[PDB]
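Visitor:
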Ligand SMILES: *[C@@H]1O[C@H](CO)[C@@H](O[C@@H]2O[C@H](CO)[C@@H](O[C@@H]3O[C@H](CO[C@H]4O[C@H](CO[C@H]5O[C@H](CO)[C@@H](O)[C@H](O)[C@@H]5O[C@H]5O[C@H](CO)[C@@H](O)[C@H](O)[C@@H]5O)[C@@H](O)[C@H](O[C@H]5O[C@H](CO)[C@@H](O)[C@H](O)[C@@H]5O[C@H]5O[C@H](CO)[C@@H](O)[C@H](O)[C@@H]5O)[C@@H]4O)[C@@H](O)[C@H](O[C@H]4O[C@H](CO)[C@@H](O)[C@H](O)[C@@H]4O[C@H]4O[C@H](CO)[C@@H](O)[C@H](O)[C@@H]4O[C@H]4O[C@H](CO)[C@@H](O)[C@H](O)[C@@H]4O)[C@@H]3O)[C@H](O)[C@H]2NC(C)=O)[C@H](O)[C@H]1NC(C)=O
C-alpha cells in the first residue's frame, strides 16, 4: 500500500575449495617480460 | 606496462619498476646452434639452469668527473660460478646474454649514460703519444675481467672510433629523470659457431656518462652503477682439464 520507490528496492567473497594435499608445482621456464611483475607486491 | 618489468631466468630474478624497455640486440633472441651451422662432432653440454643466472659482478661509483667503463664479455664470467667452471673445462663455447645495468638516483639528481654494446671491441693505444711507436695494449686493458676498466679517452673509445655514433650498435640510455635500468638482450654474434671462451671476447659493454652527473650539495654523493648479466642459451663443448687463461 505504497507509491514510493524508496522502500520497494530496500554474501561471502571467498569459496572454500577442497585441498587434501599441498598444491603441486608446475613446470616454469625463464621469462624476460615487461609490463607484468609477480614479485613486486603491495604489502 | 612498460615502466615495470621482471626478468627471471635460472634461479635468480630481478625486479624493476622504473625501466625503459627491453631491446633485443639485432632483432633476434639467443638460440642454440642448429645442425646446419655446427661443425664440432661431440655432443655439447647444456647446463640450462646453473649457468643461466643473473650474475651481479661489480659496482662502479659514478662521480661528476667520470669518463666511462667497459667490460669484455664473456671474460667477466670466466672467474665466477658454474659458468666460470664450465668455460675453463670446455674448449668451445657459445651463449647469448641478457645484460641489465642498474643506476638509481633521486628525483633531484640528473645525468645520462650511454650503456651500449659493440661486437669485437678491439682496443688501441695512444701510440706513444705522438703516434709513431707501435704500442700494443696490455693484457689487463685488453681483458679486465669482472673488475672492469676505465676509458682513457672516451671520445674515441680507445679505438679511434667516435662515441657519437656508438648509438648504431645495440644500446639504450639511463637518464636519471626517466629510468634507472637498461636491459639489453644480445644474441651470440661471431663468425664460427662456437669459439674459445678464454681467448676471444665477443663484445664489450661500454657504459659512458655523456651528460654528466649533477646534484646540489646535500644530496647523496654516492651514485653506484652495478651491471648484472645472464648467459642465455649457453652451451659448451670439447672437455679437457682446466685452463685459467
Ligand atoms: C712525503 O711527502 C709527500 C709529498 O707531500 C707525501 O705525499 C702525500 O701523501 C698524502 C697521503 O696520501 C697525500 O694526502 C692525501 O691526498 C689525497 C689526494 O688528494 C688529491 O687528489 C684529489 C682527488 O680528486 C678527485 O676527486 C675529486 C672529488 O673527491 C674530484 O673533484 C677530482 O676531479 C678528482 O677526480 C679524479 O680522480 C677520481 C679518483 O676516484 C677519478 O674517478 C676521476 O675520474 C677524476 O679523474 C684532488 O681533488 C686533490 O686536490 C687538492 O689539491 C688541489 C690543489 O691543486 C686543490 O685545488 C683541491 O681543492 C684539493 O685540495 C683540497 O683537498 C685535499 C683532499 O683531497 C685536502 O687535503 C686539501 O687540504 C684541500 O682541502 C689532491 O690533488 C686526499 O684524498 C687525502 O685526503 C684525505 O686524508 C686527509 C688526512 O689524511 C683528510 O683530512 C681528508 O679529509 C681526506 O679524508 C677523506 O679521504 C679518505 C681516503 O679517501 C676517506 O677514507 C675519508 O673518509 C675522508 O673522506 C671524508 O671526507 C671527505 C671530505 O674531504 C668527504 O667528501 C667524504 O664523503 C668523507 O666524508 C690526503 O690529503 C698528499 O696528497 C701527498 N702529497 C701531495 C703533495 O699530494 C708523503 O705522505 C710524505 N711521506 C710521509 C711518510 O708522510
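Chains as they are written, first to last, in the working numbering: chain A, 1 to 43; chain B, 1 to 245.
Virtual Cβ for every residue (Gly too), placed ideally from N, Cα, C.
Do residue 231 of chain B and residue 97 of chain B come within 9 Å of each other at the CB atom, strictly closer than that value?
Guide: Yes.
Visitor: Taking the CB atoms as reference points, tell me whether residue 182 of chain B and residue 100 of chain B lie closer together than 9 Å.
Guide: Yes. Within cutoff.
Visitor: Give the residues of chain E in contact with residue 42 of chain A, contact being defined as C-beta atoms less than 8 Å apart.
Guide: In the structure shown, chain E cannot be found, because the protein chains are A and B.
Visitor: What does DSSP give as the partner residue(s) for residue 274 of chain B in the beta ladder?
Guide: No information on residue 274 of chain B is available, as it lies outside the stretch 1 to 245 that chain B covers here.
Visitor: Which residues, taken in chain order from the region 29-62 of chain B, show a beta carbon closer than 8 Å to some beta carbon of chain A?
Guide: Within the region 29-62 of chain B, the qualifying residues are 52.
Visitor: Identify the residues that DSSP records as bridge partners of residue 253 of chain B: which are they?
Guide: Lying before the first or after the last residue shown, residue 253 of chain B is absent from chain B, which here runs from 1 to 245.
Visitor: Between residue 17 of chain B and the rest of its own chain, which residues show a CB-CB distance below 6 Å, the 5 nearest in sequence each way excluded?
Guide: Contacts found: 4.
Visitor: Locate the beta strand (DSSP E) running through residue 13 of chain B, then write down its first and last residues.
Guide: Segment 12-16, the beta strand (DSSP E) holding residue 13 of chain B.
Visitor: At a cut of 8 Å, does the region 75-92 of chain B reach the region 105-118 of chain B through at least three beta carbon pairs?
Guide: These segments do not touch.
Visitor: With a threshold of 8 Å, establish whether the CB of residue 221 of chain B neighbours any heavy atom of ligand 3.
Guide: Although ligand 3 was asked about, the structure shown includes only ligand 1 as ligands.
Visitor: If I measure Cβ to Cβ from residue 102 of chain B and keep anything under 6 Å in the same chain, skipping five residues before and after, which residues do I get?
Guide: So the list reads 181, 226, once near-sequence residues are dropped.
Visitor: Chain A beta carbons: is any one of them nearer than 9 Å to that of residue 19 of chain B?
Guide: Yes, because at least one Cβ of chain A sits closer than 9 Å to the Cβ of residue 19 of chain B.
Visitor: Is there a C-beta anywhere in chain B that falls below 9 Å from the one on residue 37 of chain A?
Guide: Taking Cβ atoms only, chain B reaches closer than 9 Å to residue 37 of chain A, which makes this a yes.
Visitor: Straight-line CA distance for residue 208 of chain B to residue 43 of chain A?
Guide: Whole-angstrom Cα-Cα distance: 37 Å.
Visitor: Which residue from B/73, B/82, B/223, B/228 puts its Cα closest to that of residue 14 of chain B?
Guide: Checked all of B/73, B/82, B/223, B/228; the closest Cα to residue 14 of chain B is B/228.
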